[PDB]
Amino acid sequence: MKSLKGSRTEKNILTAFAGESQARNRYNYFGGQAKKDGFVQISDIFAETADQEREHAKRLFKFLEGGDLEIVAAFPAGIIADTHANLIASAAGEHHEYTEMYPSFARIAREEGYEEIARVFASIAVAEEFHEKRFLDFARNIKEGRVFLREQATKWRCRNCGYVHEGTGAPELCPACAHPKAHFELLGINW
């Protein structure tokens, strides 16, 4: 790694920075619509994904040493729909990104002598693959009615107050904090 200035990798980094910046915003707006649709756990994962996009953008932006730079590129023009649709559009763009755009960008960085940047573009691809995965399972539970209803009794946690509930479905109201079903999630352990 030399200088980036004038290289193709230089425009590739700005282009990625540009689509990741917009993605932060759309995930943030999709999070607010999810909360409105009554899926608090899905709202918080949009917001988490938003924040992780900010951090992919920041590692990238830091490679730039430049001034003003012109790019040609395509981006979704809209749109905010119902949550299911939001989760499908998101997944589709995460898809294009880990299967198409970052493999290429990594290739050329590599090919221009920037292998570290190449690493970074490959590592981000990994993250976008989990993001898509997440978005697809949530969209499938929405499509199959299993957000707030499972087939054998399991335990549900209140995101708002931590209340735990043994049942096949979450309660219509939290007995502890009196927030509605929308606040409930599958209880999970990850330690």
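So that there is no doubt, residue numbering starts at 1 and follows the sequence shown.
Stretches compared: 45-53, 61-69. Higher mean C-alpha B-factor in the entry: 61-69. When the C-alpha B-factors of 155-163 and 29-37 are averaged, 155-163 comes out higher. Looking only at 182, 23, 16, 176, the residue with the top Cα B factor in the deposited structure is 176. The entry lists a Cα temperature factor for residue 149 that places it in the highest third of the chain's modelled residues. For residue 99, the recorded CA temperature factor ranks within the highest third of the chain's modelled residues. Sorting the modelled residues of the chain by their CA temperature factor places residue 131 in the lowest third. For residue 78, the recorded CA B-factor ranks within the middle third of the chain. Only modelled residues enter the ranking.
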